[PDB]
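>>> have a look at this fold, sequence not included:
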């Protein structure tokens, strides 16, 4: 029980993470891409819940070998991911196939604190298809916040910038009322960067974002 | 016992997150014009920094009439005054008193913008209807990019929140409220939000836009 | 009852002087093998493994180099933040004073080194020898945070961008990750030439506090 100030008059910083920060476990995370293509990538997501706001970072690593083939990245690199911190209760929303979260602070209930707030996103969340073309361009989201960054990668990629667009989402045929988070990444290259999507690009060509920080309202 | 200074995460909130109270928040606009919007602010103080989000809903009928919202963008200014009970003249937008979700009753004073750190990075605002200041005239700002949703023909293409603490001339304190100017842009095919023939229930609604400033 | 061990505590350190009444003793690396002395105040909180900081830089034309044109080139400078400078002075390339702990024990500045695992392939190696400026287009990945500074009346600033990327200096005693930060500040054509010898040396710019976040130790 309480002290000179009660331990729930005090908000507890909670922590969960998803994926593998060592990027030594392959590329088994599903990303949907424009025009009904897809990619498998690697990722690490670190989320803290403090005061009802979620502050997190997302870090994505990809290879051309596990990317689709055809088209031109330089002229066209865009991909969509879903974060489902409550995938244990709602497996069908885990569209990107993240592992279970790993709770570093809080109950086994803690994942539920990282669904996107129900009141404030009621009319700022996209409905997603359950199939492999659930990709939504950021101009189709009902609202988003934008986070600017730049990845690194193989030498001739010649990246010029990057943007992360966060928008909560719901999947058409779920088992719970909860909001997941949709994230579409747009990454650009100068005119002479190598065509990530080309068939004459060796498979070990890679890009790797830093951890990208973002914030949304928690549950 | 050792937690003398274990920093306490304090929480206040402004406005109505259900957006079911009409549009009574006051926003200053270019050319000595105004709008009435709705909004919800959620402010956290941790370790001396305030991490908050703000969400605005607005309708064309509660916006001024005249001009072209595609050539001009949609531009409006808001004042967050978490210390408005002690300093009502500085609540230029007319927000209700904040609600304390975590902390004492003094907690709103934490969300005043740090006195030392904005001494020369704060704007002095008019007490009158055209308090609008364009972000190019702010003595410093941070920028936070977003996009709102809205009615179908709006064709929004981006937004930016510009954050810079502020002060009101005839105020009752030396404290720093927070001034916020929004700029929402549309493509060449978008509805004129400012037209008299635009349906009055045509609306935009930002997501919660996250921002951070140095707290008190 | 509720253990102070089982609950992540908010730790706070700070570097520099938030009053800007101690001069301009901070070393800022600049393009074209040039440099500048500036003033700074960094406020860092560590909350659950992520660092949420702000940085504010004050600079005068007098303590900036001379030569060039600040409207054509922009105003660009890199700093290093080294909260572990006490244990690794080799890494304190900008020469900040030691941090001041506002929340935590004396070992707390180490929690503000950038995450070893998460930045292993996203960290720039800064020159061991001499000037270390790195254009943001040459960092192995960054995060960008847009602002606009104020300054004296003719500067005509049009925008600002802080590019955050952790760094190592190889000759360091530790393997710890400091923070490299390059600032790019833009001016319209009307703007005072910050680099010119005609410019009153007290001509200045002052950024607001710029909020940024990286993964902690």
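Received it, and whenever you're ready, just let me know what you need. Residues are numbered from 1 along each chain as shown, chains lettered A, B, ... in the order given.
>>> close to chain B: what parts of chain A are there?
Counting by CB under 8 Å from any CB of the partner chain, chain A comes close to chain B at A:5, A:9-11, A:13, A:50-53, A:55, A:117, A:119-121, A:123-124, A:138-139, A:141-148, A:167, A:214-217. The way it works is simple: take the backbone N, C-alpha and C, and place the C-beta from them, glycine included.
>>> mind checking which of those are buried?
A:10-11, A:13, A:50-53, A:55, A:117, A:120-121, A:124, A:138, A:141-148, A:167, A:214-217 (16 or more other CB atoms under 10 Å in any protein chain shown).
>>> and these near chain C, which?
A:13, A:50, A:55, A:147, A:148.
>>> reformat those as CSV; add secondary structure.
Formatted as CSV, those follow (DSSP: H, G, I helix; E, B strand; the rest coil):
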residue, secondary structure
A:13, coil
A:50, strand
A:55, strand
A:147, strand
A:148, strand
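>>> list the contacts of residue A:63.
The contact partners of residue A:63, by CB atoms under 8 Å, 6 or more residues apart in numbering or on different chains, come to A:27, A:203, A:204, A:205, A:206.
>>> inside strands: which ones of the residues you listed?
residue A:206 (DSSP state E).
>>> tell me the one of the contacts of residue A:63 nearest chain B?
Among those, residue A:206 lies closest to chain B (CB to the nearest CB), at 27.4 Å.
>>> for the closest one, list each beta-bridge partner.
Residues in a beta bridge with residue A:206, per DSSP bridges, are residue A:63.
>>> list the contacts of it.
Residue A:206 sits in contact with A:61, A:62, A:63, A:64, A:153, A:154, where contact means CB under 8 Å, 6+ apart.
>>> compare those and tell me which is most surrounded.
Within the contacts of residue A:206, most neighbours by other CB atoms under 10 Å in any protein chain shown means residue A:62, with 27 neighbours.
>>> for chain C, what are the nearby residues on chain A?
Residues of chain A found near chain C (CB under 8 Å from any CB) are A:1, A:3, A:7, A:12-15, A:21-22, A:44, A:46, A:48, A:50, A:55-57, A:59, A:104-105, A:147-152, A:160-161, A:208-213.
>>> buried subset of those?
Buried, going by 16+ other CB under 10 Å: A:12-15, A:21, A:44, A:46, A:48, A:50, A:55-57, A:59, A:104-105, A:147-152, A:161, A:208-213, out of those.
>>> in strands, which of the residues you listed fall?
Judged by DSSP E, the subset of those located in strands is A:14-15, A:44, A:46, A:48, A:50, A:55-57, A:59, A:104-105, A:147-150, A:152, A:161, A:208, A:212-213.
>>> pretty sure residue A:172 contacts residue A:130?
Yes - between residue A:172 and residue A:130 there is a contact at 5.7 Å, judged by CB atoms under 8 Å.
>>> still on that earlier bit, out of the contacts of residue A:63, which two sit at the greatest distance?
Greatest spacing in those, by CB to CB: A:27 and A:205 (12.8 Å).
>>> residue contacts, residue A:160?
Residue A:160 touches A:150, A:188, A:189, A:190, C:137, counting by CB under 8 Å, 6+ apart.
>>> so where do the helices sit in chain A?
A:118-121 (DSSP state H).
>>> wait, residue A:26 sits on residue A:41?
No - here residue A:26 lies out of contact with residue A:41, judged by CB under 8 Å, at a distance of 10.1 Å.
>>> compare the two (neighbour count), which wins?
For the pair residue A:26 and residue A:41, the greater number of neighbours falls to residue A:41 (23 against 10), based on other CB under 10 Å.
>>> wait, that one sits on residue A:64?
No - the criterion here is CB under 8 Å, and residue A:41 misses it with residue A:64 at 11.2 Å.
>>> the closest residue in space to residue A:135 that isn't next to it in sequence: how many residues sit nearby?
Distances taken as CB to CB, 6 or more residues apart in numbering or on different chains place residue A:32 nearest to residue A:135, at 3.7 Å, with adjacent residues excluded. Neighbours of residue A:32 under the rule other CB under 10 Å: 25.
>>> ok, residue A:99 next?
Close neighbours of residue A:99, defined as other CB under 10 Å, add up to 14.
>>> and it, what does it touch?
Contacts here follow CB under 8 Å, 6+ apart; on that basis residue A:99 touches A:18, A:19, A:20.
>>> what about 7 Å?
By CB atoms under 7 Å, 6 or more residues apart in numbering or on different chains, the contact list for residue A:99 reads A:18, A:19.
>>> do the same with residue A:147
A:163, A:164, A:212, A:213, A:214.
>>> now the residue of chain A positioned farthest from its centre: how far from chain C?
For chain A, the largest distance from the centre (CA atoms, centre = their mean) belongs to residue A:4, which lies 40.7 Å off. Using CB to the nearest CB, to the nearest Å, residue A:4 is found at 12 Å from chain C.
>>> what backbone torsions are found at that residue?
Residue A:4 adopts backbone torsions of phi -70, psi -10, taken as degrees, to the nearest 10.
>>> now do the contacts for it.
Contacts of residue A:4 (CB under 7 Å, 6+ apart): none.
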